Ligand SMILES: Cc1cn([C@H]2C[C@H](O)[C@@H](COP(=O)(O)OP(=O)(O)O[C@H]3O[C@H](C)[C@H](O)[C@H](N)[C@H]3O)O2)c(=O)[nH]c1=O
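Only one chain comes next, encoded as structure tokens, the form solved without this ligand.
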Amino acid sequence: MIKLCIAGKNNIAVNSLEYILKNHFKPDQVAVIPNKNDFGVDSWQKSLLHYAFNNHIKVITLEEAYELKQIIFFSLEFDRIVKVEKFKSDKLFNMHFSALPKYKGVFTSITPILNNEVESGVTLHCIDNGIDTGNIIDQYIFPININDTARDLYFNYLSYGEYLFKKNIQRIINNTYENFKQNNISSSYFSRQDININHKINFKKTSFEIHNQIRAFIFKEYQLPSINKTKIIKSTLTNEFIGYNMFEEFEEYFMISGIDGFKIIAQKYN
């Protein structure tokens, strides 16, 4: 019988399924639910369907998952809403890519950078009927490096999320894991409508903030930000003082400072 379902995508889904098959369940005891854009081709991330092809793991639909009493269900970067009322099983887990209770919702590779954080996290939680509201099982807090793009923070979510999955899976299978209610204080949330790539950069800000407004949108597979109609592939914040409110376009880059005068190098796409 199916004991465990992985729903989602990318190295976190693939490497977590590999760990299950090495350590916990036989191929016939596991199923995958792919994202809508998985076409079995490994690229900047591994394809869950390609892993399932090589390893003869079966696919189920979300509607089939609903009916399997006792299944352990994990969303790992899943692209569909998990409706807890629809499931017979109450063993439903999500790896949310933030330090809950902060940054519930979407685009968590963008929102902590845009909001001037120097740390993020991954949180393994129970799925309940709210958006990323369920009880925490475990959390890993880690730094946002000063020149990380959204893409760099995303790759860190994938690594630490895989780490939390492997750390907690035995206690989840044994049903010996502890879970705690999320705090109401410091709880934050961003919807799709709260993120706008086309939003003009506000230059009447610190160098840190101008740099954040650029690098939060650097994720080349999805998009790059623009300055004066040129795409930017990298932003570098220095602590060199070059004077307040500087802006100079060079052949390959922009030199920028905000209200505190620290030099930003914004590298042009070429």
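Think of the rigid core as the biggest set of C-alphas that the two forms share within 1.5 Å after superposition. Residues that one form lacks are left out of the comparison. For every residue, the number given is its place in the sequence shown, counted from 1.
Although it is not shown, the form solved in complex with this ligand is what the next lines describe.
**Q** Have a look at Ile169, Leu114, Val106, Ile72 for me and say which one sits with a heavy atom within 4.5 Å of this ligand in the deposited complex.
**A** The option sitting close enough to the partner is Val106.
**Q** Heavy atom within 4.5 Å of this ligand in the deposited complex: which of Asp138, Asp148, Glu162, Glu77?
**A** Among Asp138, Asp148, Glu162, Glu77, a heavy atom within 4.5 Å of this ligand in the deposited complex occurs only for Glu77.
**Q** Within 4.5 Å of this ligand in the deposited complex, do we find a heavy atom from each of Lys205, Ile242 and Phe247?
**A** Not a single residue of the candidate spot has a heavy atom within 4.5 Å of this ligand in the deposited complex.
**Q** Give a yes/no on whether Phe53 approaches this ligand to within 4.5 Å in the deposited complex, heavy atoms considered.
**A** Outside the cut-off, so no.
**Q** Going by a heavy atom distance of 4.5 Å, is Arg192 a contact of this ligand in the deposited complex?
**A** So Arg192 counts as contacting this ligand.
**Q** Contact with this ligand in the deposited complex for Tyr222, defined as at least one heavy atom pair within 4.5 Å: yes or no?
**A** Judged by the heavy-atom cut-off of 4.5 Å, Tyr222 is in contact with this ligand in the deposited complex.
**Q** Do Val118 and this ligand come within 4.5 Å of each other in the deposited complex, heavy atoms counted?
**A** Taking the distances in the deposited complex, the answer for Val118 is no, it never comes within 4.5 Å of this ligand.
**Q** Residues in which of 25 to 33, 214 to 222, 233 to 241, 64 to 72 have heavy atoms within 4.5 Å of this ligand in the deposited complex?
**A** In the other structure, the partner sits against 214 to 222.
**Q** Only counting heavy atoms and a 4.5 Å limit, does any residue of 38 to 72 reach this ligand in the deposited complex, and if so which ones?
**A** The stretch does not touch the partner at all.
**Q** Where does the protein shift between the shown form and the other one, taking runs of 3+ residues with every CA moved 2 Å or more once the core is matched?
**A** Moving region between the shown form and the other one: 197 to 199, nothing else.
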